[PDB]
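>
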Amino acid sequence: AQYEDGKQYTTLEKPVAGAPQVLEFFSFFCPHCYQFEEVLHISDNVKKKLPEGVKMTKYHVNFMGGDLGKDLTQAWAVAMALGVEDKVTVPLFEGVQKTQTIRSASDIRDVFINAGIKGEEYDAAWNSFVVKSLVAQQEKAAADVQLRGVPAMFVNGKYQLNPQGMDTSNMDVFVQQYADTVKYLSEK
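What follows is the structure, encoded as structure tokens:
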């Protein structure tokens, strides 16, 4: 066929009941993740081609970057709770990988402040129980698929994208194959 199990995607031997429809995992420490988001714009090109009524979820992971890596998962929880993902994703990626100006939780906080989130609002959210459960959700979702690497994308907790089986010669063409594949998997 044109989309074969084991080729453009793999099937989880152990399906995840109640999983989000489209779920992407990343780390701000993850070099390929920087590409996916900053150069390829994967998240966005996938959204543009998803059928109506399919929502997209993106979670940060703990297994890269040690203590700072966990801080970033909690910061991403804050980002989701305040709905400012589109204002902090670029400066967190660049602060971590480009300028290497993010070295502590306070440096992470500076990025939100610069992005226009007030200190009091960031600190309150940071320390909130809503954020603690949002951190919990991120960890559970990764646990449910026994996640050991990023970037990764899962569709309906049953299918996992396999971009290794795709021509990266043309960036544009790669992104659209990726997006079209998610669309195919979504309609399965």
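Once you know that position 35 of the sequence shown is 35 in the working numbering, the rest is easy, because the numbers rise by one and skip nothing.
Heads up, the beta-carbon is just placed ideally off N, CA and C, and yes, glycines get one too.
1. Please work out which residues of its chain come closer than 8 Å, Cβ to Cβ, to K7, disregarding the five sequence neighbours upstream and downstream, and give them in chain order.
2. What residues match up with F63 in a beta bridge as DSSP calls it?
3. Could you pull out every residue in the same chain whose Cβ sits closer than 7 Å to the Cβ of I117, ignoring the five residues on either side in sequence?
4. Write down the C-beta distance between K132 and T11 rounded to the nearest angstrom, noting that I regard them as a contact closer than 8 Å.
5. Would DSSP call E52 helix, strand or coil?
6. For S106, count neighbouring C-beta atoms within 10 Å of its own C-beta (all shown protein chains included) and say buried if the count is 16 or more, exposed if not.
7. Look up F174 in the DSSP assignment and say whether it is helix, strand or coil.
8. Please report how far the alpha carbon of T73 lies from the alpha carbon of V61, in whole angstroms.
9. What number of angstroms, rounded off, separates the C-alpha of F112 from the C-alpha of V175?
10. In terms of residues, what are the limits of the alpha helix (DSSP H) holding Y3?
Reading from the atomic positions:
1. Here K7 has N162, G165 as same chain residues with Cβ atoms under 8 Å from its own Cβ, once five neighbours each way along the sequence are excluded.
2. For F63, which the question treats as bridged, DSSP gives no partner whatsoever.
3. Excluding residues within five positions, the ones whose Cβ falls inside 7 Å are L82, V84.
4. The C-beta separation of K132 from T11 comes to about 33 Å, leaving the pair out of contact by the 8 Å criterion.
5. Coil.
6. It counts as exposed.
7. Helix, per DSSP.
8. Straight through space, the alpha carbons of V61 and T73 are spaced by roughly 6 Å.
9. Going from the Cα of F112 to the Cα of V175 covers about 29 Å.
10. In the DSSP assignment, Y3 falls outside any alpha helix (DSSP H) and carries neither an H nor an E.
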